[PDB]
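Engineer: Here's a structure for you.
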Amino acid sequence: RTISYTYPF
Amino acid sequence: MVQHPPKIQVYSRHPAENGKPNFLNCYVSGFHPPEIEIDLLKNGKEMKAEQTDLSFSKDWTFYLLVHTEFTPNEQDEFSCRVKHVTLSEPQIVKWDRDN
Amino acid sequence: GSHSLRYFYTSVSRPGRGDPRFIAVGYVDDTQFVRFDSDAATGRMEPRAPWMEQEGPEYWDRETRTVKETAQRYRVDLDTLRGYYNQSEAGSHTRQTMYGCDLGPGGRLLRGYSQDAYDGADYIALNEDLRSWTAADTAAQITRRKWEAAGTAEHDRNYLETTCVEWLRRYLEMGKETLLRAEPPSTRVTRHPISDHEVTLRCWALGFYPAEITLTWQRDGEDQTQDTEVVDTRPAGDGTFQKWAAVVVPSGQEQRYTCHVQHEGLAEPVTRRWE
């Protein structure tokens with residue numbers, strides 16, 4: 001499962 | 001904005017046999033950026049081939065494989081055309097069975 | 001021994017050519033199982049391995065959904081980077097993300113990864129401790145401060161230690177019949193003259209999995225790695241791999257050289273010679 005969240009730069 | 005030229009390997013799946021079906025492979029690796037035009041050519045003319053999904057190595061450089069089935073022939077000539085931002089003109093690497 | 005789950009994101013800004021392109025590919029060990037392309041007309045995460053067709057629709061709209069909202073977040077990040085590096089819209093830019101986990105015979109987490117790149121160079125990476133950040137330049141150092149304030153590493157360490165390893169196990173059981181299968185290389189040796197007094201001997205390794213292999217040449221029981229041309233391990237096209245190693249030898253002496261092929265697919269490291 002791909003990670004549901006990424007933190008913007 | 002750091003760039004790297006593509007590396008091209010043109011080869012068959014199995015040891016090439018005249019008259020006998022095989023698969024032709026154009027493997028293009030170590031290129032950046034990811035824009036690229038890769039085509040397999042029979043007698044200079046474009047081939048129906050398939051392309052793998054875009055992926056990259058540990059050093060971030062991309063690799064991509066275009067492939068199709070073919071029959072090795074004494075009278076036929078196979079090539080791979082690679083157009084990329086870092087090459088002044090499309091790169092053409094002809095197929096060699098002996099490899 | 002180990003088994004790996006990794007995802008590879010690529011964001012490319014296409015100026016005046018529409019909105020940027022988003023690609024996602026997933027690998028288990030050396031096998032690709034999933035794919036996504038924003039350009040493609042399906043608008044869906046797609047299976048790239050037969051053992052994946054086991055999963056239902058519930059799996060994929062989830063997997064599409066995350067990859068879609070990730071494409072959006074990465075669309076913004078492209079602008080942000082352009083701001084940090086004082087770049088113009090004219091030029092096309094690439095941001096990469098690779099993350100995932102290694103697991104040992106335990107099934108417990110062996111190691112975890114989460115790294116980023118901009119225009120082909122390190123931007124930010126999560127350290128092995130999974131609590132600290134390595135920022136390449138001072139533009140990456142900005143993101144690092146935000147990320148520390150936002151507590152991103154805890155969220156990542158949590159996905160990596162938990163969600164990553166569960167699904168890795170789960171994918172391993174789904175594809176057990178091939179992912180734990182070992183493919184030994186097909187090994188031949190070839191001769192090609194260069195001069196009236198020199199020839200090229202070439203050690204072939206065909207149709208093996210996984211990609212990790214070792215092709216050594218030696219003469220009389222002592223390797224000469226100074227005089228060896230060796231290609232990158234390439235795909236056979238059917239999932240497996242191929243590699244070769246060559247050596248310039250005197251056209252008078254062929255048997256004096258022996259190739260040594262080492263692979264996990266083989267029970268015993270095998271040796272070849274010209275015949």
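FYI, nothing fancy with the structure tokens labels: chains A, B, ... in order, residues from 1 per chain, ligands from 1 as they appear.
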Can you build me a table of chain B residues sitting at most 6 Å from chain C, with the closest atom pair per residue and its distance in Å to one decimal, using only C-alpha atoms, sorted by chain and residue number, as CSV?
Structural biologist:
```
residue,atom,partner,partner_atom,distance
B:1,CA,C:119,CA,5.0
B:2,CA,C:120,CA,5.9
B:13,CA,C:236,CA,5.4
B:60,CA,C:120,CA,5.8
```
Engineer: Output N, CA and C atoms for every residue in that selection, as a PDB file, in the first residue's frame.
Structural biologist:
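Output below, filename result-v5.pdb:
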```
ATOM      1  N   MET B   1      19.734  20.936 -12.231  1.00  0.00           N
ATOM      2  CA  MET B   1      19.640  20.885 -13.722  1.00  0.00           C
ATOM      3  C   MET B   1      20.700  19.938 -14.296  1.00  0.00           C
ATOM      4  N   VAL B   2      21.260  19.093 -13.426  1.00  0.00           N
ATOM      5  CA  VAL B   2      22.328  18.155 -13.798  1.00  0.00           C
ATOM      6  C   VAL B   2      21.794  17.002 -14.655  1.00  0.00           C
ATOM      7  N   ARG B  13      16.576 -11.542 -26.594  1.00  0.00           N
ATOM      8  CA  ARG B  13      16.285 -12.284 -25.368  1.00  0.00           C
ATOM      9  C   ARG B  13      17.138 -13.550 -25.307  1.00  0.00           C
ATOM     10  N   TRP B  60      19.564   8.142  -8.960  1.00  0.00           N
ATOM     11  CA  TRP B  60      18.430   8.890  -9.531  1.00  0.00           C
ATOM     12  C   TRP B  60      18.281   8.811 -11.054  1.00  0.00           C
TER      13      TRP B  60
END
```
Engineer: Give me, as a list in words, the contact residues of chain C against chain A at a cut-off of 6 Å, counting only C-alpha atoms.
Structural biologist: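 The answer, sorted by residue number, is residues 66, 77 and 143 of chain C.
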Engineer: Would you mind reading off the distance between atom CA of residue 16 of chain B and atom CA of residue 98 of chain B, one decimal, in Å?
Structural biologist: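 Going from atom CA of residue 16 of chain B over to atom CA of residue 98 of chain B, I get 8.0 Å.
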Engineer: DSSP on the backbone, then: every residue of segment 3-123 of chain C marked strand (DSSP E), written as number ranges by chain.
Structural biologist: C: 3-12, 21-28, 31-37, 46-47, 94-103, 109-118, 121-123
Engineer: Please produce a file of the residues just selected, as a short mmCIF file (atom, residue, chain, number, x, y, z; two decimals), in the first residue's frame, where the atoms kept are N, CA and C atoms.
Structural biologist:
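As written to disk, selection_29.cif reads:
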```cif
data_model
loop_
_atom_site.label_atom_id
_atom_site.label_comp_id
_atom_site.auth_asym_id
_atom_site.auth_seq_id
_atom_site.Cartn_x
_atom_site.Cartn_y
_atom_site.Cartn_z
N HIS C 3 13.97 -9.14 1.85
CA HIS C 3 12.97 -8.83 0.83
C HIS C 3 12.51 -7.38 0.94
N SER C 4 12.35 -6.74 -0.21
CA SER C 4 12.15 -5.29 -0.25
C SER C 4 10.85 -4.85 -0.91
N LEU C 5 10.24 -3.82 -0.33
CA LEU C 5 9.13 -3.11 -0.95
C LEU C 5 9.59 -1.68 -1.19
N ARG C 6 9.47 -1.20 -2.42
CA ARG C 6 9.84 0.18 -2.75
C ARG C 6 8.90 0.79 -3.78
N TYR C 7 8.61 2.07 -3.60
CA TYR C 7 7.85 2.84 -4.58
C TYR C 7 8.71 3.96 -5.15
N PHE C 8 8.53 4.23 -6.44
CA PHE C 8 9.30 5.24 -7.14
C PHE C 8 8.38 6.26 -7.79
N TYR C 9 8.46 7.49 -7.31
CA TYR C 9 7.68 8.59 -7.87
C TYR C 9 8.54 9.45 -8.77
N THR C 10 7.96 9.90 -9.87
CA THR C 10 8.61 10.87 -10.74
C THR C 10 7.61 11.97 -11.10
N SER C 11 7.99 13.21 -10.78
CA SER C 11 7.22 14.39 -11.14
C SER C 11 8.01 15.22 -12.14
N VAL C 12 7.42 15.44 -13.31
CA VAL C 12 8.04 16.27 -14.33
C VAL C 12 7.10 17.41 -14.69
N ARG C 21 3.48 15.86 -15.21
CA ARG C 21 3.26 14.42 -15.31
C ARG C 21 3.67 13.69 -14.04
N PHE C 22 2.82 12.76 -13.60
CA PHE C 22 3.09 11.97 -12.41
C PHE C 22 3.10 10.47 -12.71
N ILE C 23 4.23 9.84 -12.39
CA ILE C 23 4.41 8.39 -12.56
C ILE C 23 4.71 7.72 -11.22
N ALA C 24 4.05 6.60 -10.97
CA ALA C 24 4.33 5.79 -9.79
C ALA C 24 4.53 4.34 -10.19
N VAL C 25 5.67 3.78 -9.79
CA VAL C 25 5.93 2.35 -9.97
C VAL C 25 6.37 1.72 -8.65
N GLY C 26 5.90 0.50 -8.41
CA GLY C 26 6.23 -0.22 -7.20
C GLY C 26 6.97 -1.51 -7.49
N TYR C 27 7.97 -1.80 -6.67
CA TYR C 27 8.76 -3.00 -6.83
C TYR C 27 8.76 -3.83 -5.56
N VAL C 28 8.63 -5.14 -5.70
CA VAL C 28 8.87 -6.05 -4.61
C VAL C 28 10.14 -6.80 -4.98
N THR C 31 10.97 -7.41 -8.68
CA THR C 31 9.78 -7.55 -9.52
C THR C 31 8.79 -6.38 -9.41
N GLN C 32 8.40 -5.83 -10.54
CA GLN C 32 7.45 -4.73 -10.56
C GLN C 32 6.02 -5.24 -10.51
N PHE C 33 5.26 -4.75 -9.54
CA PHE C 33 3.90 -5.22 -9.28
C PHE C 33 2.80 -4.21 -9.60
N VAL C 34 3.11 -2.92 -9.46
CA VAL C 34 2.12 -1.86 -9.75
C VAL C 34 2.68 -0.73 -10.63
N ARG C 35 1.76 0.04 -11.22
CA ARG C 35 2.11 1.20 -12.05
C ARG C 35 1.00 2.25 -12.09
N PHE C 36 1.41 3.51 -12.21
CA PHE C 36 0.49 4.62 -12.45
C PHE C 36 1.15 5.66 -13.36
N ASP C 37 0.38 6.15 -14.32
CA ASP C 37 0.83 7.21 -15.22
C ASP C 37 -0.29 8.23 -15.40
N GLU C 46 -2.49 0.27 -11.90
CA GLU C 46 -2.66 -0.98 -12.63
C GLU C 46 -1.66 -2.06 -12.20
N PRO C 47 -2.11 -3.32 -12.16
CA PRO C 47 -1.22 -4.44 -11.85
C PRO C 47 -0.19 -4.68 -12.96
N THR C 94 12.39 18.03 -12.69
CA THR C 94 12.05 16.70 -12.21
C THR C 94 12.32 16.54 -10.72
N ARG C 95 11.30 16.08 -9.99
CA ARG C 95 11.47 15.71 -8.60
C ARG C 95 11.14 14.23 -8.41
N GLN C 96 12.02 13.55 -7.69
CA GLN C 96 11.90 12.12 -7.48
C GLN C 96 11.72 11.79 -6.01
N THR C 97 10.96 10.74 -5.75
CA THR C 97 10.81 10.19 -4.42
C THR C 97 10.94 8.68 -4.52
N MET C 98 11.77 8.12 -3.65
CA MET C 98 11.78 6.68 -3.48
C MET C 98 11.73 6.35 -1.99
N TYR C 99 10.81 5.46 -1.64
CA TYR C 99 10.61 5.05 -0.26
C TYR C 99 10.19 3.59 -0.21
N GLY C 100 10.37 2.98 0.95
CA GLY C 100 10.02 1.59 1.13
C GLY C 100 10.86 0.94 2.21
N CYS C 101 10.72 -0.37 2.33
CA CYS C 101 11.26 -1.09 3.47
C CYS C 101 11.93 -2.41 3.10
N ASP C 102 12.97 -2.75 3.86
CA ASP C 102 13.58 -4.07 3.80
C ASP C 102 13.13 -4.88 5.01
N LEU C 103 12.89 -6.18 4.82
CA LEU C 103 12.61 -7.04 5.96
C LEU C 103 13.48 -8.29 6.01
N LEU C 109 10.80 -5.15 10.55
CA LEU C 109 11.52 -4.20 9.69
C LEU C 109 13.03 -4.24 9.88
N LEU C 110 13.73 -4.46 8.77
CA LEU C 110 15.19 -4.50 8.75
C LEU C 110 15.75 -3.10 8.52
N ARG C 111 15.20 -2.41 7.52
CA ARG C 111 15.57 -1.03 7.23
C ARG C 111 14.43 -0.29 6.51
N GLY C 112 14.44 1.04 6.61
CA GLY C 112 13.41 1.88 5.99
C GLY C 112 13.99 3.08 5.26
N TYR C 113 13.38 3.42 4.13
CA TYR C 113 13.88 4.48 3.25
C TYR C 113 12.80 5.51 2.94
N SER C 114 13.22 6.76 2.77
CA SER C 114 12.37 7.85 2.29
C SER C 114 13.27 9.00 1.83
N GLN C 115 13.53 9.05 0.53
CA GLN C 115 14.44 10.05 -0.02
C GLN C 115 13.81 10.81 -1.17
N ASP C 116 14.34 12.00 -1.43
CA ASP C 116 13.86 12.85 -2.50
C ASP C 116 15.03 13.40 -3.31
N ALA C 117 14.75 13.75 -4.56
CA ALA C 117 15.74 14.34 -5.45
C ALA C 117 15.13 15.45 -6.27
N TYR C 118 15.96 16.43 -6.63
CA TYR C 118 15.52 17.48 -7.54
C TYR C 118 16.51 17.66 -8.67
N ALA C 121 19.59 15.32 -8.45
CA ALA C 121 20.50 15.45 -7.32
C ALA C 121 19.75 15.32 -6.01
N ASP C 122 20.42 14.75 -5.01
CA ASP C 122 19.88 14.63 -3.67
C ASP C 122 19.24 15.92 -3.20
N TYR C 123 18.03 15.81 -2.67
CA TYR C 123 17.36 16.93 -2.03
C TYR C 123 17.30 16.64 -0.53
#
```
Engineer: Using only C-alpha atoms, determine which residues lie at most 10 Å from residue 28 of chain B, disregarding the query and same-chain residues fewer than 3 positions distant; provide the list as an mmCIF file with N, CA, C and O atoms, in the first residue's frame.
Structural biologist:
```
data_model
loop_
_atom_site.group_PDB
_atom_site.id
_atom_site.type_symbol
_atom_site.label_atom_id
_atom_site.label_comp_id
_atom_site.auth_asym_id
_atom_site.auth_seq_id
_atom_site.Cartn_x
_atom_site.Cartn_y
_atom_site.Cartn_z
ATOM 1 N N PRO B 5 23.907 11.472 -20.080
ATOM 2 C CA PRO B 5 23.545 10.893 -21.371
ATOM 3 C C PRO B 5 22.999 9.479 -21.213
ATOM 4 O O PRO B 5 23.360 8.791 -20.254
ATOM 5 N N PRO B 6 22.120 9.045 -22.136
ATOM 6 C CA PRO B 6 21.595 7.688 -22.042
ATOM 7 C C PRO B 6 22.646 6.661 -22.424
ATOM 8 O O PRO B 6 23.527 6.948 -23.239
ATOM 9 N N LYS B 7 22.562 5.487 -21.809
ATOM 10 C CA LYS B 7 23.325 4.329 -22.243
ATOM 11 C C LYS B 7 22.350 3.376 -22.912
ATOM 12 O O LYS B 7 21.254 3.140 -22.402
ATOM 13 N N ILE B 8 22.745 2.852 -24.067
ATOM 14 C CA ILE B 8 21.873 2.020 -24.883
ATOM 15 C C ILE B 8 22.492 0.643 -25.102
ATOM 16 O O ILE B 8 23.662 0.529 -25.480
ATOM 17 N N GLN B 9 21.700 -0.393 -24.845
ATOM 18 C CA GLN B 9 22.083 -1.764 -25.150
ATOM 19 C C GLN B 9 21.001 -2.382 -26.021
ATOM 20 O O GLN B 9 19.836 -2.459 -25.618
ATOM 21 N N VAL B 10 21.391 -2.798 -27.225
ATOM 22 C CA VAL B 10 20.474 -3.425 -28.171
ATOM 23 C C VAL B 10 20.822 -4.901 -28.286
ATOM 24 O O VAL B 10 21.924 -5.256 -28.713
ATOM 25 N N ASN B 25 15.340 -6.362 -27.727
ATOM 26 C CA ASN B 25 15.339 -5.487 -26.558
ATOM 27 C C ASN B 25 16.217 -4.266 -26.761
ATOM 28 O O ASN B 25 17.402 -4.396 -27.083
ATOM 29 N N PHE B 31 20.010 7.825 -17.837
ATOM 30 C CA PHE B 31 19.699 9.121 -18.438
ATOM 31 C C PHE B 31 18.888 10.033 -17.521
ATOM 32 O O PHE B 31 18.075 9.570 -16.717
ATOM 33 N N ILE B 36 12.389 11.335 -23.154
ATOM 34 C CA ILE B 36 13.153 10.499 -24.076
ATOM 35 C C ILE B 36 12.242 9.945 -25.176
ATOM 36 O O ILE B 36 11.046 9.732 -24.961
ATOM 37 N N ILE B 38 12.408 6.664 -27.515
ATOM 38 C CA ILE B 38 13.077 5.410 -27.847
ATOM 39 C C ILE B 38 12.204 4.602 -28.797
ATOM 40 O O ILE B 38 11.042 4.323 -28.498
ATOM 41 N N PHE B 62 17.512 7.526 -14.725
ATOM 42 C CA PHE B 62 16.388 6.712 -15.187
ATOM 43 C C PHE B 62 16.806 5.561 -16.092
ATOM 44 O O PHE B 62 17.847 5.615 -16.750
ATOM 45 N N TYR B 63 15.978 4.519 -16.116
ATOM 46 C CA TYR B 63 16.150 3.411 -17.047
ATOM 47 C C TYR B 63 14.810 2.974 -17.624
ATOM 48 O O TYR B 63 13.785 3.004 -16.938
ATOM 49 N N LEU B 64 14.832 2.567 -18.888
ATOM 50 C CA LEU B 64 13.617 2.249 -19.618
ATOM 51 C C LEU B 64 13.906 1.203 -20.686
ATOM 52 O O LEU B 64 14.936 1.263 -21.363
ATOM 53 N N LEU B 65 12.994 0.243 -20.822
ATOM 54 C CA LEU B 65 13.156 -0.855 -21.771
ATOM 55 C C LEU B 65 12.019 -0.911 -22.779
ATOM 56 O O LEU B 65 10.847 -1.030 -22.411
ATOM 57 N N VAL B 66 12.386 -0.821 -24.054
ATOM 58 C CA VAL B 66 11.445 -0.986 -25.151
ATOM 59 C C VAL B 66 11.742 -2.335 -25.794
ATOM 60 O O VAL B 66 12.902 -2.684 -26.019
ATOM 61 N N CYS B 80 18.024 0.811 -32.922
ATOM 62 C CA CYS B 80 17.305 1.530 -31.889
ATOM 63 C C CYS B 80 17.652 3.008 -31.948
ATOM 64 O O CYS B 80 18.819 3.389 -31.836
ATOM 65 N N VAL B 82 17.369 6.675 -30.326
ATOM 66 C CA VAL B 82 17.180 7.325 -29.030
ATOM 67 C C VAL B 82 17.384 8.837 -29.137
ATOM 68 O O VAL B 82 18.496 9.317 -29.374
ATOM 69 N N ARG C 234 21.161 -6.157 -17.207
ATOM 70 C CA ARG C 234 20.031 -5.691 -18.013
ATOM 71 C C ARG C 234 18.850 -6.665 -17.924
ATOM 72 O O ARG C 234 19.031 -7.809 -17.508
#
```
Engineer: Running DSSP on the backbone, which parts of segment 46-84 of chain C land in helix (DSSP H, G or I), as an MDAnalysis selection string?
Structural biologist: chainID C and resid 50:52 57:84
